[PDB]
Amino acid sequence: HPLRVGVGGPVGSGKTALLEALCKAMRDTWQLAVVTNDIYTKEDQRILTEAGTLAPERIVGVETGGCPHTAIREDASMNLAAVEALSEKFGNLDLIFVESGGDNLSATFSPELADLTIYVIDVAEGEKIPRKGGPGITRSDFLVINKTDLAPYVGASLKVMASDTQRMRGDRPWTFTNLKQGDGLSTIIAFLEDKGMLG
């Protein structure tokens, strides 16, 4: 049975960009599928399918209504059914990603739905976002701080963000990324293959 990786974070932080890059880099080694969530549309399913990240039948969209965290935590029924339909259809899957709808800082995945959690924030949301806290920043299995290339335009210091993040997470891993260039991707891939116990 496949590892379920939940990818969460605020609106626009780079979750879909992360899935696209991970799928393109890992799909020749591992059998993958993706469940995307959005409240009102299936836009991210279309984006990932049109980008060719995986074959279309490996990418499923769920339109949740309401809060994204409800669909990944309080009532995960739809996402669990979609994961079941994929696992039964493909049989040999190693890893299924679930992209949350973008949400507020209190949102996390239920352990019933996600075996590992990646939380994605981005620098343009502000230097102080790590200090504003929440379980995505403090307790996710892996935190991604994306869009470092935008730091000079919003006036954020990456040294400050790194210090604040370390104060919030202790020994729990995190990395800066620039998903436009792919910077920081290989380390996330290594974390998934290891802590996800792939193979």
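Don't overthink the numbering: it's just position in the shown sequence, from 1.
Taking only CA atoms, the mean B-factor in the PDB entry is higher for 21-29 than for the other of 171-179 and 21-29.
Averaged over Cα atoms, the B-factor as recorded in the entry is higher for 34-42 than for the other of 140-148 and 34-42. The PDB entry gives the largest Cα B-factor of the residues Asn104, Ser110, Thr117, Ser100 to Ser110. The residue among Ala55, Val154, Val62, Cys67 whose C-alpha atom has the highest B-factor in the PDB entry is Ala55.
Per the deposited record, the Cα B-factor of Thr49 falls in the highest third when ranked against the other modelled residues of its chain. When the CA B factors of the chain's modelled residues are split into thirds, the value for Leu80 lands in the middle one.
Ranked by Cα temperature factor within the chain, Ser13 sits in the lowest third according to the deposited record. In this PDB entry, the Cα temperature factor of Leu95 sits in the middle third of its chain's modelled residues. Among the modelled residues of its chain, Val7 has a C-alpha B-factor that falls in the lowest third according to the deposited record.
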